[PDB]
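The chain below stands alone and is given as structure tokens, in the form deposited in one PDB entry.
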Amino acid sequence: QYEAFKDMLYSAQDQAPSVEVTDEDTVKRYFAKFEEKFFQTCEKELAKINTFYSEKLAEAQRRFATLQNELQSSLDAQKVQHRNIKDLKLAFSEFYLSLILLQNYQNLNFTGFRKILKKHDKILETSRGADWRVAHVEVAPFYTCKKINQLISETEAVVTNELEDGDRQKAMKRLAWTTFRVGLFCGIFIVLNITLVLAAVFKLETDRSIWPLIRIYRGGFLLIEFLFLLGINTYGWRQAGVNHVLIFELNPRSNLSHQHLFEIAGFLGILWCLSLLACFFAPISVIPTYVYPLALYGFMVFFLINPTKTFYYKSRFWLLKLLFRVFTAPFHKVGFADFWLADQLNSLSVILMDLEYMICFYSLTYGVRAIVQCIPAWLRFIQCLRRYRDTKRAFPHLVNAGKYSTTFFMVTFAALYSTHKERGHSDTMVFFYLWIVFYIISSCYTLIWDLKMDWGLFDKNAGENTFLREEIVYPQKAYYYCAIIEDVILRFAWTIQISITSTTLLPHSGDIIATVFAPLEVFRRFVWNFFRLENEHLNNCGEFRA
């Protein structure tokens, strides 16, 4: 920080007391304190520069070793070929450019340090700056290291010899099936959905207790929608520049793009549409109609768990390990991926609800149902408790535990009210009143936490972005206001949906309400992910990093 150093030096010169007013000892003490703080700042800057230089040198050495390996592999290939040859050549040119940039950085930093150190000498009329430069700057690893230089010489030699047939002059001078499958699956899905709408209008007419079928198929519909919106989310993260691969602790290369998620969602939607069409049109009578949803879900599970290295095997093992680490939360330390997926499950509580209803329907207001409803909140609560144990800071972890226990209280009181209303007890009114108070408390708690902590909006540092924060990645300012409004609406929607789904509150219109509201909650989570990851990239709200 050359400008900061010179400005601070000028400020110290302007604030230097005069001997004619104060004692000489006071002036000496002030100068000594100023020199001490200047040397501390110089030490901090030198340490930062040394760390950055060492990291860059290590990365350059690793890249050089990999290229020399790849150099040798291309040699053996010699012993598309030449395409790959001049690709390697482009990589070597980029590596040499990086080395030159590192040398420019080192030279500029050394020159700036030396300059600020001699101007520090002629301002205070002291020679301690030169002594500090000799003792720390001239012997610093960022300056004494000629390893970068001999790597540069080796790079020119290698480019001359094995890439240009000994010609040093150009050594100096030189130095779609996935998208198709996505479209195919999307088109088949669209036409099959139109056919499904037409068949639901005509073939079924108004007959049959089809509502159990709705309870079976809602989970699949929501999961497919979640995968599609997750693909959109990944595309947005990549386009905006949020380094989501670093946040999730994934490999820098060989990672799923948005095309992969879109094609997985399309294939799953095709299977869902075909299974619903079969259960709609009653195919050959050898196989009863109670197998097609079972077949679809069995295929989904098998596709997820299959041990053969066939379809996105790396991502399937990573997701399996993540799910196993999430569900056994207390005995595993919380990363970003763990709590991220736990929140995704918090937005997808209807799938477990329908699974439990499916089990009850196939086998045949209870306390088991409330537990199935509140499992994801329990996971998040115990994760935050484990994080507090590991960190020993009540804030924000205990506040988060309270946020995730408000849902416990609301659901428990809704279930108690339903029980006492179906039994005919006179204690229904107290349970209803407690339910309303806890419902409003939970809605306000979660909404405030989403707007203030997860998104980091409404910051006092907002210069011109009213109610936003100082730094925004996505271009339009209307996006944040739209997200705020829709989150305000959908938090209340989600609380009502949970209360209705886990409790006999609305036995007449409620079943429709849950089916309508579940995609809206998936959409709310899809909106929340954008700004949560952007806040993580900028401000590091989760504390999971250094």
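Rigid core: the largest C-alpha set superposing within 1.5 Å between the two forms. We number the residues from 1 along the sequence you see.
Not on display, but discussed next: the form deposited in another entry.
Just one of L490, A483, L57, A514 has a CA that shifts 2 Å or more between this form and the one not shown on a core fit; which is it?
Shifted by 2 Å or more: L57 only.
Please determine whether the C-alpha atom of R181 is displaced by 2 Å or more between this form and the one not shown following superposition on the rigid core.
No, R181 moves less than 2 Å.
After a core superposition, would you say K314 shifts its C-alpha by at least 2 Å between this form and the one not shown?
Comparing forms between this form and the one not shown, the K314 CA shifts below 2 Å.
Cα of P330 displaced 2 Å or more between this form and the one not shown, core superposed?
The answer is no, as the C-alpha of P330 shifts between this form and the one not shown by less than 2 Å after core alignment.
Please check whether, in the other entry, the CA atoms of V245 and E94 lie closer or farther apart than here, given a change of 3 Å or more.
The answer is closer, because the C-alphas of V245 and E94 approach each other in the other entry by 3 Å or more.
Compared with this form, is the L99-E249 Cα separation smaller or larger in the other entry, the difference being 3 Å or more?
It is closer: the C-alpha separation of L99 and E249 falls by at least 3 Å in the other entry.
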